[PDB]
Amino acid sequence: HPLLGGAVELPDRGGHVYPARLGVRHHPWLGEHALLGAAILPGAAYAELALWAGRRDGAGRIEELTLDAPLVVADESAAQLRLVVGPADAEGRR
Amino acid sequence: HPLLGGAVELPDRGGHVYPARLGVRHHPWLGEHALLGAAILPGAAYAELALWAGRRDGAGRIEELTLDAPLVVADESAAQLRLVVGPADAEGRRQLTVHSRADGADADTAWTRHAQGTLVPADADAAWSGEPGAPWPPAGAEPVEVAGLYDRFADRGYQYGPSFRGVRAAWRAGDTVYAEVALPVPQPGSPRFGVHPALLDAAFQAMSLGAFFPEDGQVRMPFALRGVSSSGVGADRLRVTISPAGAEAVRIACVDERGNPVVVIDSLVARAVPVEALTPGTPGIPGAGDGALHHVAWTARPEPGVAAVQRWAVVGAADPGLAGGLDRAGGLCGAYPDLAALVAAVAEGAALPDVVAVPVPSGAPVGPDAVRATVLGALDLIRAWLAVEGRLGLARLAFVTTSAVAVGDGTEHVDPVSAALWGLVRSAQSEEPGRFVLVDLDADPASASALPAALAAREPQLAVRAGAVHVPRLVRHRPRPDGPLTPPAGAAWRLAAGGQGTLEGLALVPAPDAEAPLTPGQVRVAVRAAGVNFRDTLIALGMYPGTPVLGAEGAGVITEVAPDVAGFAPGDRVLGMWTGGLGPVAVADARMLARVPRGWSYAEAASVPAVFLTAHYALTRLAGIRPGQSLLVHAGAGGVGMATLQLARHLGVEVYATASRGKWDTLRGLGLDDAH
Amino acid sequence: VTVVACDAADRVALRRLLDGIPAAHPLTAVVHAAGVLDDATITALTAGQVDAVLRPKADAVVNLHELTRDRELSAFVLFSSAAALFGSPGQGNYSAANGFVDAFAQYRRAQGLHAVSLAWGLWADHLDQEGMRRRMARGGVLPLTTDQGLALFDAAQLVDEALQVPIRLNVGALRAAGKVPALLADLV
Ligand SMILES: NC(=O)c1ccc[n+]([C@@H]2O[C@H](COP(=O)([O-])OP(=O)(O)OC[C@H]3O[C@@H](n4cnc5c(N)ncnc54)[C@H](OP(=O)(O)O)[C@@H]3O)[C@@H](O)[C@H]2O)c1
């Protein structure tokens, strides 16, 4: 994945952790999405991550995806992002 | 860290994750800690991990550390381990869990949890370091015998490899124990442990050097550790003080050679090791390296030196002859038709019996229908007996079956139906111990009389043969002179005379000339049975080292055929004449073979060639006998004699013959007169 | 190779199986490994729960014995459990079935017929079984690797015992804790 690293295992919650480092120097386009003076990551970005990590661990369809508060992209040395994948329940959902 | 990797961040639970890969090839000492046949990771290992990761993220003291189930170290490619660090709560405390899963395992298989605890901040400012000069060992401490200690751990089940055997001196002083430990081999690599988990476990070993534990001779591991602070850094040799903290808890304080406190455990509690908690590591086999072939052995008891007695109550079908045996010794208190009648008689003042016997009847057809009946009836009865109230329930419930087991390694007949009841109660004995017994009898009425003696033997299952009590014992299979022969490793082998001049010298020996390539005219036979002549006995005897080949005849299935041979093909059943047929493989001449008649057994087939060929070759080809002529046959009841009589009757021959007077029935049955 | 849908306890399905075996390759040996578990304590076990467990073990073995009299088997192998010998608790019906099997081999060897019962230990490679693995470990039984289990099958072919027990035991762990069953007393 151009942004994410390898899946880090999780026994306690059960499941995986996908790390990623964000930076405009690494990905100049990360800032080229901005609304009302704030360079931010589009919601469309969280979808790509979800369909890729989800296809790999069985759950390739998103039932629901909720966005709470946008992540702003500052100047060089942007912030790291981590995705957590839950364990498979009685119906295969994560 | 020599084992752990970098801390992996966690936003959801909040905190960190320390990964680590375990392998004996990477760390050979990981297996050198083993208990009762299982190479496992010591509890001391989980402590090092906790004090290191804890000092880094603020909580350098362990309030409590609990171990749930040990992690076994298998062969190369051991399992990965992950440590999780919790977020800092309102008081700075952080939770902990430790998990492991087999190397490379799939995402669908779950992780086993091995350790959970709770960490806290603790300041080293209070009581940083001790004084270098107090007399250590304390005055009046008794030296402890350290000679050969590693042999003494092994005998009990503390299988310690070269890496943990470092207890070199120790002393007991009343409640307390003082001891010195040191790593057998120092660690030369720059990824090093602050205190090796080997050196800490060596400290843990010193608990069993005192009298802290009950005299129950069972093995104990660390289970829960409370109040663990480590201060110093870099200690390969230690001086350990152990006192009892509470009644069931001990406090461990170890220092360096200079008196600097390295680590202190405010309280450690050990708990016996569940046998359940093991999976084979195969370090040094304390039992069953890879598994073994066992068989039950019915072994006869010595005749009891004195008459034994119980109070007996027979409930149900009184086999004729049974009550007589119980009443001889004077132990028969009552006969009853069913349990309901017994319960009432005893409440009405009958004798409380020591033993209530339930005669299981033989003769059931060996089929599915009678098994359900036998089981469901015993099941109903057992349930009735457990609901029995009063002192009557304390009695032993004796199921007395008839030939439900195979006592002797022979052709002993058995009743599979009763052995189904035998198995039901077999499980019932474990569920409700001391409640039921199994005692199996032969058809000898004498055995009914040994039944009191049988029940003078606290064994749960028992068998009686000719009035002699046998008890069963599982036993590892091994070759045994005075017993059956063991075929060699080869596929091909035969019976052959040993040359000592004794029947003990008969041995199953490799027979390569059977496997060898075929010459023209030959076939190879997967032998099923072979016949035996009285000459084959005489060959087994005689002390010449070179003896003739045993065997003359047999029957079986062909496996290879020479290219010139027609009329026999791979897969055909045949009987015939060949030497060395006392084994699973033989080579034979195609001329001397015949097809096995439909419906014969291989034994019937293999019996025929020698006797009838001799009798046919002699009657027809040598003597040219005709119809109406008279024949004398000596030993007419023997092998070749019987065969001769059968042909002679078909050929119109008047037969006279001789035999032992007890065998005259065999001659008169082959169609001969008392005048013949 | 053929795979056939056949309940070995359905005497008509098994007879219809055997009748459909080529005449040029008649039956010559049998390895019986059908089995069903349905666990319950003595006071709890029902009637159908018994029938359900005997049906693959006892009911099927007897049909194979009576439907093959016209053939002389070179081998006739029965898979049992070591819980039939030890008495694993909460498995009364299972012990009864496997105990019937053990004896039904002794019953064939008596008649001059090939037979062997194998009271297996625990194998390395499932809820009804995940309960039994718990109970066989509580009694000191350890798992047999797949290869090693087969090797015992092979080596038992060379021994003239009607009942044999291929098993791996942690005898030391029972001596330590003091839970040694009477049957095992000579292994210490
Ligand atoms: N390949 C070969 O070398 C070959 C081939 C064919 C036959 N044979 C010979 O045929 C026999 C076949 O063996 P088998 O199993 O069938 O045994 P068997 O010949 O059926 O039984 C022994 C017979 O020999 C009689 N006999 C001889 N001397 C005796 C004595 N001193 N006292 C009592 N009885 C005596 C017995 O008489 P009673 O009737 O009064 O008991 C008895 O009938 C062998 O002897 C064998 O040497 C050998």
# chains A, B, ... in the order shown; residues from 1 in each chain; ligands from 1

call {"tool": "interface_residues", "arguments": {"of": "chain B", "to": "chain A", "cutoff": "10 Å", "atoms": "only C-alpha atoms", "output": "PDB file with N, CA, C and O atoms, in the first residue's frame"}}
result
ATOM      1  N   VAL B   8       5.143  -1.224  19.417  1.00  0.00           N
ATOM      2  CA  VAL B   8       4.158  -0.854  18.407  1.00  0.00           C
ATOM      3  C   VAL B   8       3.025  -0.076  19.064  1.00  0.00           C
ATOM      4  O   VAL B   8       2.449  -0.526  20.062  1.00  0.00           O
ATOM      5  N   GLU B   9       2.702   1.089  18.503  1.00  0.00           N
ATOM      6  CA  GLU B   9       1.736   1.986  19.117  1.00  0.00           C
ATOM      7  C   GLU B   9       0.317   1.423  18.995  1.00  0.00           C
ATOM      8  O   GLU B   9       0.005   0.633  18.101  1.00  0.00           O
ATOM      9  N   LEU B  10      -0.550   1.833  19.937  1.00  0.00           N
ATOM     10  CA  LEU B  10      -1.968   1.464  19.986  1.00  0.00           C
ATOM     11  C   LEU B  10      -2.881   2.616  20.375  1.00  0.00           C
ATOM     12  O   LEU B  10      -2.889   3.031  21.539  1.00  0.00           O
ATOM     13  N   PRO B  11      -3.641   3.167  19.452  1.00  0.00           N
ATOM     14  CA  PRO B  11      -4.570   4.237  19.828  1.00  0.00           C
ATOM     15  C   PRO B  11      -5.863   3.742  20.474  1.00  0.00           C
ATOM     16  O   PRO B  11      -6.380   4.401  21.386  1.00  0.00           O
ATOM     17  N   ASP B  12      -6.412   2.611  20.009  1.00  0.00           N
ATOM     18  CA  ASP B  12      -7.727   2.165  20.487  1.00  0.00           C
ATOM     19  C   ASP B  12      -7.720   1.813  21.971  1.00  0.00           C
ATOM     20  O   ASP B  12      -8.409   2.452  22.774  1.00  0.00           O
ATOM     21  N   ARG B  13      -6.957   0.780  22.358  1.00  0.00           N
ATOM     22  CA  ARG B  13      -6.890   0.460  23.780  1.00  0.00           C
ATOM     23  C   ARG B  13      -6.109   1.549  24.492  1.00  0.00           C
ATOM     24  O   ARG B  13      -6.342   1.816  25.677  1.00  0.00           O
ATOM     25  N   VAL B  17       2.465  -2.092  22.191  1.00  0.00           N
ATOM     26  CA  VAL B  17       2.522  -3.533  21.946  1.00  0.00           C
ATOM     27  C   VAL B  17       3.970  -3.917  21.674  1.00  0.00           C
ATOM     28  O   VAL B  17       4.583  -3.423  20.721  1.00  0.00           O
ATOM     29  N   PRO B  19       6.255  -6.750  20.413  1.00  0.00           N
ATOM     30  CA  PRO B  19       6.330  -8.069  19.786  1.00  0.00           C
ATOM     31  C   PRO B  19       7.634  -8.773  20.122  1.00  0.00           C
ATOM     32  O   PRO B  19       8.625  -8.158  20.521  1.00  0.00           O
ATOM     33  N   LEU B  81       5.276 -14.168  20.661  1.00  0.00           N
ATOM     34  CA  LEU B  81       4.678 -13.638  21.876  1.00  0.00           C
ATOM     35  C   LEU B  81       4.523 -12.135  21.730  1.00  0.00           C
ATOM     36  O   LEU B  81       5.398 -11.465  21.173  1.00  0.00           O
ATOM     37  N   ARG B  82       3.412 -11.612  22.244  1.00  0.00           N
ATOM     38  CA  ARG B  82       3.119 -10.186  22.206  1.00  0.00           C
ATOM     39  C   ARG B  82       2.754  -9.720  23.607  1.00  0.00           C
ATOM     40  O   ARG B  82       1.958 -10.372  24.292  1.00  0.00           O
ATOM     41  N   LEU B  83       3.339  -8.602  24.028  1.00  0.00           N
ATOM     42  CA  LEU B  83       3.003  -7.927  25.277  1.00  0.00           C
ATOM     43  C   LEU B  83       2.264  -6.631  24.975  1.00  0.00           C
ATOM     44  O   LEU B  83       2.685  -5.864  24.105  1.00  0.00           O
ATOM     45  N   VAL B  84       1.160  -6.397  25.681  1.00  0.00           N
ATOM     46  CA  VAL B  84       0.374  -5.172  25.550  1.00  0.00           C
ATOM     47  C   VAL B  84       0.502  -4.334  26.812  1.00  0.00           C
ATOM     48  O   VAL B  84       0.417  -4.855  27.932  1.00  0.00           O
ATOM     49  N   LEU B  96      -2.013  -4.951  31.756  1.00  0.00           N
ATOM     50  CA  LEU B  96      -1.063  -5.839  31.093  1.00  0.00           C
ATOM     51  C   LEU B  96      -1.725  -7.167  30.750  1.00  0.00           C
ATOM     52  O   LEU B  96      -2.491  -7.713  31.547  1.00  0.00           O
ATOM     53  N   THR B  97      -1.380  -7.692  29.573  1.00  0.00           N
ATOM     54  CA  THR B  97      -1.766  -9.022  29.116  1.00  0.00           C
ATOM     55  C   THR B  97      -0.645  -9.559  28.235  1.00  0.00           C
ATOM     56  O   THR B  97       0.005  -8.796  27.516  1.00  0.00           O
ATOM     57  N   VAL B  98      -0.440 -10.878  28.274  1.00  0.00           N
ATOM     58  CA  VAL B  98       0.565 -11.553  27.453  1.00  0.00           C
ATOM     59  C   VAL B  98      -0.095 -12.707  26.707  1.00  0.00           C
ATOM     60  O   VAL B  98      -0.859 -13.477  27.299  1.00  0.00           O
ATOM     61  N   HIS B  99       0.210 -12.832  25.416  1.00  0.00           N
ATOM     62  CA  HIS B  99      -0.455 -13.782  24.532  1.00  0.00           C
ATOM     63  C   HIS B  99       0.553 -14.428  23.588  1.00  0.00           C
ATOM     64  O   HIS B  99       1.569 -13.825  23.235  1.00  0.00           O
ATOM     65  N   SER B 100       0.252 -15.660  23.169  1.00  0.00           N
ATOM     66  CA  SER B 100       1.126 -16.407  22.273  1.00  0.00           C
ATOM     67  C   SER B 100       0.283 -17.273  21.346  1.00  0.00           C
ATOM     68  O   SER B 100      -0.791 -17.752  21.722  1.00  0.00           O
ATOM     69  N   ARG B 101       0.785 -17.463  20.125  1.00  0.00           N
ATOM     70  CA  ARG B 101       0.129 -18.266  19.098  1.00  0.00           C
ATOM     71  C   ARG B 101       1.201 -18.915  18.240  1.00  0.00           C
ATOM     72  O   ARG B 101       2.242 -18.308  17.977  1.00  0.00           O
ATOM     73  N   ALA B 107      -4.896 -16.315  10.636  1.00  0.00           N
ATOM     74  CA  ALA B 107      -5.625 -15.260  11.329  1.00  0.00           C
ATOM     75  C   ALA B 107      -6.887 -15.782  12.006  1.00  0.00           C
ATOM     76  O   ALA B 107      -7.402 -15.126  12.918  1.00  0.00           O
ATOM     77  N   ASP B 108      -7.399 -16.939  11.579  1.00  0.00           N
ATOM     78  CA  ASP B 108      -8.623 -17.474  12.158  1.00  0.00           C
ATOM     79  C   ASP B 108      -8.389 -18.218  13.468  1.00  0.00           C
ATOM     80  O   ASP B 108      -9.319 -18.325  14.275  1.00  0.00           O
ATOM     81  N   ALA B 110      -7.032 -18.452  17.234  1.00  0.00           N
ATOM     82  CA  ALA B 110      -6.942 -17.435  18.269  1.00  0.00           C
ATOM     83  C   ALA B 110      -5.662 -17.577  19.089  1.00  0.00           C
ATOM     84  O   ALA B 110      -4.918 -18.553  18.982  1.00  0.00           O
ATOM     85  N   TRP B 111      -5.420 -16.575  19.929  1.00  0.00           N
ATOM     86  CA  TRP B 111      -4.236 -16.495  20.769  1.00  0.00           C
ATOM     87  C   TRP B 111      -4.580 -16.997  22.167  1.00  0.00           C
ATOM     88  O   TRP B 111      -5.666 -16.723  22.683  1.00  0.00           O
ATOM     89  N   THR B 112      -3.660 -17.745  22.771  1.00  0.00           N
ATOM     90  CA  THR B 112      -3.794 -18.136  24.168  1.00  0.00           C
ATOM     91  C   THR B 112      -3.209 -17.053  25.067  1.00  0.00           C
ATOM     92  O   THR B 112      -2.143 -16.503  24.780  1.00  0.00           O
ATOM     93  N   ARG B 113      -3.909 -16.758  26.161  1.00  0.00           N
ATOM     94  CA  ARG B 113      -3.472 -15.751  27.118  1.00  0.00           C
ATOM     95  C   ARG B 113      -2.716 -16.433  28.248  1.00  0.00           C
ATOM     96  O   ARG B 113      -3.231 -17.365  28.873  1.00  0.00           O
TER      97      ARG B 113
END

call {"tool": "select_by_dssp", "arguments": {"residues": "range 96-295 of chain B", "states": "alpha helix (DSSP H)", "output": "list in words"}}
result
residues 149, 150, 151, 152, 153, 154, 155, 156, 197, 198, 199, 200, 201, 202, 203, 204 and 205 of chain B

call {"tool": "write_last_selection", "arguments": {"atoms": "C-alpha atoms", "output": "PDB file, in the first residue's frame"}}
result
ATOM      1  CA  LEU B 149      21.087 -31.048  43.469  1.00  0.00           C
ATOM      2  CA  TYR B 150      20.445 -31.115  39.715  1.00  0.00           C
ATOM      3  CA  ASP B 151      19.995 -34.881  39.874  1.00  0.00           C
ATOM      4  CA  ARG B 152      17.553 -34.357  42.750  1.00  0.00           C
ATOM      5  CA  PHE B 153      15.357 -31.851  40.904  1.00  0.00           C
ATOM      6  CA  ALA B 154      15.200 -34.245  37.941  1.00  0.00           C
ATOM      7  CA  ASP B 155      13.922 -37.100  40.119  1.00  0.00           C
ATOM      8  CA  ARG B 156      10.953 -34.970  41.211  1.00  0.00           C
ATOM      9  CA  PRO B 197      15.342 -15.113  33.307  1.00  0.00           C
ATOM     10  CA  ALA B 198      17.619 -18.078  34.027  1.00  0.00           C
ATOM     11  CA  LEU B 199      19.225 -16.374  37.009  1.00  0.00           C
ATOM     12  CA  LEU B 200      15.872 -15.274  38.424  1.00  0.00           C
ATOM     13  CA  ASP B 201      14.438 -18.771  38.059  1.00  0.00           C
ATOM     14  CA  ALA B 202      17.563 -20.041  39.817  1.00  0.00           C
ATOM     15  CA  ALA B 203      16.500 -17.715  42.630  1.00  0.00           C
ATOM     16  CA  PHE B 204      12.980 -19.164  42.374  1.00  0.00           C
ATOM     17  CA  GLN B 205      14.512 -22.647  42.643  1.00  0.00           C
TER      18      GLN B 205
END

call {"tool": "atom_distance", "arguments": {"atom1": "CA of residue 673 in chain B", "atom2": "atom 48 (C, counted along the ligand's line) of ligand 1"}}
result
27.5 Å

call {"tool": "residues_near_ligand", "arguments": {"ligand": "ligand 1", "cutoff": "12 Å", "atoms": "only C-alpha atoms and all ligand atoms", "output": "JSON, numbers by chain"}}
result
{"B": [531, 532, 533, 534, 535, 536, 537, 538, 539, 548, 549, 550, 551, 552, 553, 554, 577, 578, 579, 580, 607, 608, 609, 610, 611, 612, 613, 614, 615, 616, 617, 618, 633, 634, 635, 636, 637, 638, 639, 640, 641, 642, 643, 644, 657, 658, 659, 660, 661, 662, 663, 664, 665, 666, 667]}

call {"tool": "residues_around", "arguments": {"residues": "residue 458 in chain B", "least_positions_apart": "5", "cutoff": "12 Å", "atoms": "only C-alpha atoms", "output": "number ranges by chain"}}
result
B: 396, 434-439, 452-453, 471; C: 182

call {"tool": "atom_distance", "arguments": {"atom1": "CA of residue 60 in chain C", "atom2": "CA of residue 80 in chain C"}}
result
13.1 Å

call {"tool": "closest_residue", "arguments": {"among": "C:106, C:41, C:88, C:95", "to": "residue 140 in chain C", "atoms": "only C-alpha atoms"}}
result
C:88

call {"tool": "closest_residue", "arguments": {"among": "C:13, C:27, C:8, C:136", "to": "chain B", "atoms": "only C-alpha atoms"}}
result
C:136

call {"tool": "atom_distance", "arguments": {"atom1": "CA of residue 109 in chain B", "atom2": "CA of residue 221 in chain B"}}
result
27.8 Å

call {"tool": "closest_atom_pairs", "arguments": {"of": "range 129-177 of chain C", "to": "range 28-46 of chain B", "cutoff": "8 Å", "atoms": "only C-alpha atoms", "output": "JSON lines"}}
result
{"residue": "C:170", "atom": "CA", "partner": "B:37", "partner_atom": "CA", "distance": 7.3}
{"residue": "C:172", "atom": "CA", "partner": "B:36", "partner_atom": "CA", "distance": 6.0}
{"residue": "C:173", "atom": "CA", "partner": "B:36", "partner_atom": "CA", "distance": 5.7}

call {"tool": "write_last_selection", "arguments": {"atoms": "N, CA and C atoms", "output": "compact mmCIF listing (two decimals), in the first residue's frame"}}
result
# COMPACT_ATOMS: atom_id res chain seq x y z
N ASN C 170 1.95 -39.18 30.00
CA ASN C 170 2.79 -38.37 30.89
C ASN C 170 2.65 -38.97 32.29
N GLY C 172 4.85 -39.33 34.66
CA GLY C 172 5.45 -38.55 35.73
C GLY C 172 4.52 -37.49 36.30
N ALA C 173 3.71 -36.87 35.45
CA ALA C 173 2.79 -35.84 35.92
C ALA C 173 1.67 -36.40 36.78

call {"tool": "select_by_dssp", "arguments": {"residues": "range 70-128 of chain C", "states": "strand (DSSP E or B)", "output": "list in words"}}
result
residues 75, 76, 77, 78, 79, 80, 81, 91, 116, 117, 118, 119, 120, 122 and 123 of chain C

call {"tool": "interface_residues", "arguments": {"of": "chain C", "to": "chain B", "cutoff": "6 Å", "atoms": "only C-alpha atoms", "output": "PyMOL selection string"}}
result
chain C and resi 43+59+84+87-89+92+95-96+99-100+103-104+107+110+137-138+164-171+173+176-177+183-184

call {"tool": "closest_residue", "arguments": {"among": "B:306, B:265, B:569, B:120", "to": "residue 91 in chain B", "atoms": "only C-alpha atoms"}}
result
B:120

call {"tool": "residues_around", "arguments": {"residues": "residue 30 in chain A", "least_positions_apart": "2", "cutoff": "10 Å", "atoms": "only C-alpha atoms", "output": "ChimeraX atom specification"}}
result
/A:22-28,32-34,39-42,45,72-74,78

call {"tool": "write_last_selection", "arguments": {"atoms": "N, CA, C and O atoms", "output": "mmCIF file, in the first residue's frame"}}
result
data_model
loop_
_atom_site.group_PDB
_atom_site.id
_atom_site.type_symbol
_atom_site.label_atom_id
_atom_site.label_comp_id
_atom_site.auth_asym_id
_atom_site.auth_seq_id
_atom_site.Cartn_x
_atom_site.Cartn_y
_atom_site.Cartn_z
ATOM 1 N N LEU A 22 2.158 9.879 7.493
ATOM 2 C CA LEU A 22 1.662 10.885 6.568
ATOM 3 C C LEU A 22 2.646 12.042 6.478
ATOM 4 O O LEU A 22 3.196 12.478 7.494
ATOM 5 N N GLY A 23 2.905 12.497 5.252
ATOM 6 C CA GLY A 23 3.774 13.633 5.008
ATOM 7 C C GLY A 23 3.565 14.244 3.636
ATOM 8 O O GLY A 23 3.367 13.515 2.659
ATOM 9 N N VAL A 24 3.573 15.577 3.540
ATOM 10 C CA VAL A 24 3.363 16.188 2.230
ATOM 11 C C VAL A 24 4.593 15.962 1.363
ATOM 12 O O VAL A 24 4.479 15.799 0.143
ATOM 13 N N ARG A 25 5.783 15.920 1.972
ATOM 14 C CA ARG A 25 6.986 15.619 1.202
ATOM 15 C C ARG A 25 6.939 14.213 0.615
ATOM 16 O O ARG A 25 7.464 13.983 -0.481
ATOM 17 N N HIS A 26 6.306 13.269 1.314
ATOM 18 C CA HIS A 26 6.166 11.909 0.804
ATOM 19 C C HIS A 26 5.028 11.795 -0.201
ATOM 20 O O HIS A 26 5.120 11.023 -1.163
ATOM 21 N N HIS A 27 3.951 12.548 0.008
ATOM 22 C CA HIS A 27 2.774 12.507 -0.856
ATOM 23 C C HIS A 27 2.249 13.924 -1.015
ATOM 24 O O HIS A 27 1.391 14.375 -0.244
ATOM 25 N N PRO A 28 2.760 14.667 -2.000
ATOM 26 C CA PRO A 28 2.387 16.087 -2.124
ATOM 27 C C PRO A 28 0.895 16.320 -2.270
ATOM 28 O O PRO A 28 0.426 17.420 -1.948
ATOM 29 N N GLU A 32 -3.477 18.817 -1.180
ATOM 30 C CA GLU A 32 -4.206 19.434 -2.281
ATOM 31 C C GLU A 32 -5.717 19.216 -2.187
ATOM 32 O O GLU A 32 -6.430 19.443 -3.172
ATOM 33 N N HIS A 33 -6.206 18.784 -1.027
ATOM 34 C CA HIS A 33 -7.628 18.760 -0.699
ATOM 35 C C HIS A 33 -7.826 19.626 0.535
ATOM 36 O O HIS A 33 -7.360 19.277 1.624
ATOM 37 N N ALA A 34 -8.524 20.744 0.366
ATOM 38 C CA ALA A 34 -8.672 21.711 1.441
ATOM 39 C C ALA A 34 -10.035 22.377 1.344
ATOM 40 O O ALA A 34 -10.545 22.612 0.247
ATOM 41 N N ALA A 39 -6.217 22.468 4.896
ATOM 42 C CA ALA A 39 -5.811 21.284 4.150
ATOM 43 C C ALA A 39 -6.075 20.043 4.991
ATOM 44 O O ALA A 39 -5.498 19.883 6.072
ATOM 45 N N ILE A 40 -6.948 19.163 4.502
ATOM 46 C CA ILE A 40 -7.412 18.015 5.268
ATOM 47 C C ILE A 40 -7.413 16.784 4.373
ATOM 48 O O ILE A 40 -7.276 16.868 3.151
ATOM 49 N N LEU A 41 -7.567 15.636 5.006
ATOM 50 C CA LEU A 41 -7.659 14.366 4.304
ATOM 51 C C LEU A 41 -9.115 14.115 3.927
ATOM 52 O O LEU A 41 -9.989 14.170 4.801
ATOM 53 N N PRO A 42 -9.424 13.838 2.664
ATOM 54 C CA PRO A 42 -10.827 13.655 2.280
ATOM 55 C C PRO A 42 -11.398 12.381 2.874
ATOM 56 O O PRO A 42 -10.673 11.433 3.184
ATOM 57 N N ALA A 45 -10.486 9.211 1.281
ATOM 58 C CA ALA A 45 -9.240 8.535 1.622
ATOM 59 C C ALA A 45 -9.477 7.407 2.616
ATOM 60 O O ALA A 45 -8.882 6.329 2.493
ATOM 61 N N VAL A 72 -6.535 17.345 9.820
ATOM 62 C CA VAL A 72 -5.924 18.418 9.047
ATOM 63 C C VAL A 72 -4.495 18.022 8.714
ATOM 64 O O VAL A 72 -3.803 17.385 9.517
ATOM 65 N N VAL A 73 -4.052 18.399 7.519
ATOM 66 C CA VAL A 73 -2.679 18.184 7.087
ATOM 67 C C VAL A 73 -1.975 19.524 7.227
ATOM 68 O O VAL A 73 -2.269 20.474 6.496
ATOM 69 N N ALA A 74 -1.044 19.597 8.173
ATOM 70 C CA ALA A 74 -0.135 20.726 8.297
ATOM 71 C C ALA A 74 1.007 20.612 7.298
ATOM 72 O O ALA A 74 0.920 19.857 6.322
ATOM 73 N N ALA A 78 3.790 15.455 8.470
ATOM 74 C CA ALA A 78 2.409 15.256 8.877
ATOM 75 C C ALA A 78 2.332 14.130 9.911
ATOM 76 O O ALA A 78 3.305 13.421 10.182
#

call {"tool": "residues_around", "arguments": {"residues": "range 48-54 of chain A", "least_positions_apart": "6", "cutoff": "10 Å", "atoms": "only C-alpha atoms", "output": "list in words"}}
result
residues 1, 3, 4, 7, 16, 17, 18, 60, 61, 62, 65, 83, 84, 85 and 94 of chain A
